[PDB]
Structures are given as structure tokens and as C-alpha cells.
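Okay, here we've got a single chain as C-alpha cells, the form deposited in one PDB entry, with questions on binding and movement later.
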């Protein structure tokens, strides 16, 4: 049960024509340590346009989920991004009004706006970068664990309160890396990922190496049950959460190009996905961090569907405790979730999570064929909320 719900029903009207992401790199010294935020979001926004041959002025709204950026810095980094991607003055750029969020509502509110007829083309996107461009348009560490410290004590509570332990939590982490490695090795991310040609300063000598990033650098294929249960608990004393069974903050961007179905047809644009429904729920405050498990059946029901109808699931793996609960509580087939790895392996790009997961889902749906008809993207909007989105495989 939910204290309240927001339900958006999109019908068959709202289609996705492009969904892309940068690779994700670990924020601490990872491969984006010398790339500024707009240099992450800009190629993703540019990729949507290029894939669709669209005049950037036709885009009605860009909404970006972003957590790390303090105060006004949020919008100015996104405006930079949109400017360098070739969007004019007139294309409005908005951030999501949340202290802490994974940015799935950015896609949902773009879709809602199209549904209500406010404009015909929109972009829902997300960005996180620990770096700061000295060149401003016209603290970040604090904001990060500000979202993660409350998130970590709740999922550890849910673990003690529901009986989730190191065991399943670690197993989930092993699986995540196994699946992320297998995906990477098999080239399954090639389609969704937009390579980022940046620079990397070498700590030993300080020279700038030209670099193209193509791979998520947080995947650790040598992870097993063995080495994980060697790191000490990260929060509590006898806490089951580790640096191994929780995701660390990653730099990256994602973006989703949404439009009304009739405008995609006349533009000769293949439909990647159909945005069916979105539910956002307020959960029981005495059991926080269980958001996804209330939001999933709420969104699936609004799609006029059953849990078993859903072929794929993208559920955020910020914490294995949290992730295992939701899977087990809903009795989901673990073969259908994060089939190509999750946050624990490829990184947790906070506000870029929502757009990241949409790209991963839809492209895997694209690859799996017509029988992979229904997908779910689910995550929190802070500890006290759950958000889930239902997507149908688009027809190409």
C-alpha cells in the first residue's frame, strides 16, 4: 500500500525514438575525473538529434535530473550542455525539483507534457559529475552522501527487519558484475553507449592523454563470493552492507528523446519504445527504502497488466539489501532483472539513473525480439518514495 500515488497514463500516444547514455565512470579518480559535466551531457543530447535528423529548435523542453550540482550550478551546467549540443536560446532547460532523486520522473513529466498536448517533442535526461568547470555559464561531495547516507541506513534497516543478509547481498553483487562483464564482452552496450572523447591527466606526470571512453570502468569481473566478504561493513558495526554490495557514485549522462506517435510516423522515425505508464508512490515512513516494491505493481496495474506479463526489469541496485528485498517481496524471476548488470557493477550516476536505465532496458528489449514485449524501470525518489515506469517494446 501507498500513502498516496501519482499515476500518469500515456496510452499509445507517447513514443521513444532514441535513448542513449555515456559510459559511467567512478567519480573518485575514475576515467571522467578531468571531464566537466557539460562534456558528458552534451554528446548524449547531440546523439538524440543526430540519430533523428531533428532541428534542435523543434524540441519543446529538456528536463534534467541532477543531484550533485549545488544550488544554481544545476541549471547552468545543463544550459552549457544544451548550448554546446546545438540547442538555441528558445529551448527551455529544466532540472527536477528534488534534493535527492534518480531522475526517472524527468522522463515521466516530459511524457506527461506530451500526453497533455503542451508540446510534441521532449527530452528527459540526467547528469552527474563530481568535477566542476571553472568556466561557469554566463560542496559536491556533501550533496552525494547526503543522498546516500540516509539511503544506506534504511536498506540496512530493511535487511535486519526483513532478514536480508550479507549472503544474498553479496550474491547479488557477484551476479551484477558477472552480467555487466558478460554484457560488455558481448558488445551489448555498444548501441546505447555514446563514447566520450575527452582528456585524462596522468597522476604521475600530469600530462593530458587524449582518451575515448567506451566502457563502464567500475565493472570488476574478478568478483566472487570470496573476496567480497573480506571488506569491513561500511555503515553499522554488524551491518550487512559493504562497499561491495552497494554502488559508488559514478560520473555520466543519459538522455531519452520522446515524441507524440503521429509526429514520429510523419518524420519516418523508428519507434524504440512506447511509454505506457508511470506511478510514483509515497511509502510507509516506518519502512523506508522499499519504494520500488510498492511502485512496480502500482505502475504495472495501471498498465492494465499483471506482474508476470513483464519480460524485463531495470531496478536500481544502489544497495543490494534494498534490491534483494524488492525482488523477493514481489516474487520476481531474478533471470528477468538487470540482465546486463546494474548499478553495483556499472556505477550509480544518481540523477542520470532514470535515463540510464531507460536506455539499457529499451535497447535490450530491441535486441531480444518481439517476445520481449514489456519492461519496467523502477527506483526511488529519495528514501520515502518509489517510482516505476512501464514500457512496451517499440516496433522499429
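We call the rigid core the largest set of C-alpha positions that still match within 1.5 Å between the two forms. Residue numbers count along the first chain shown, from 1.
According to the record, no deposited residue between residue 238 and residue 239 is left without atomic coordinates.
For the pair 318-326 and 153-161, the mean B factor over Cα atoms is greater in 153-161. When the two stretches 144-152 and 267-275 are set side by side, the higher mean Cα temperature factor goes to 144-152. Per the PDB record, residue ranking by Cα B-factor puts residue 175 in the lowest third of the chain. In the deposited entry, the Cα temperature factor of residue 115 places it in the lowest third of its chain's modelled residues.
Residue 18: CA B factor lies in the lowest third for its chain, per the PDB record. When all modelled residues of the chain are sorted by CA temperature factor, residue 261 is found within the middle third. For residue 360, the recorded CA B-factor ranks within the middle third of the chain. Only modelled residues enter the ranking.
Below: the form deposited in another entry, not depicted.
Among the residues 269, 130, 75, 112, the single one whose Cα moves by at least 2 Å between this form and the one not shown, once the core is superposed, is 130. Relative to the superposed core, residue 380 undergoes a Cα shift of 2 Å or more between this form and the one not shown. Here residue 222 does not count as shifted, since its C-alpha moves by less than 2 Å between this form and the one not shown after the core is aligned. Core-superposed comparison between this form and the one not shown: the C-alpha position of residue 183 differs by less than 2 Å.
The Cα-Cα distance between residue 377 and residue 98 is shortened by 3 Å or more in the other entry relative to the form shown here. Three angstroms is the minimum change: in the other entry, the CA atoms of residue 319 and residue 145 sit farther apart than in this structure, by 3 Å or more.
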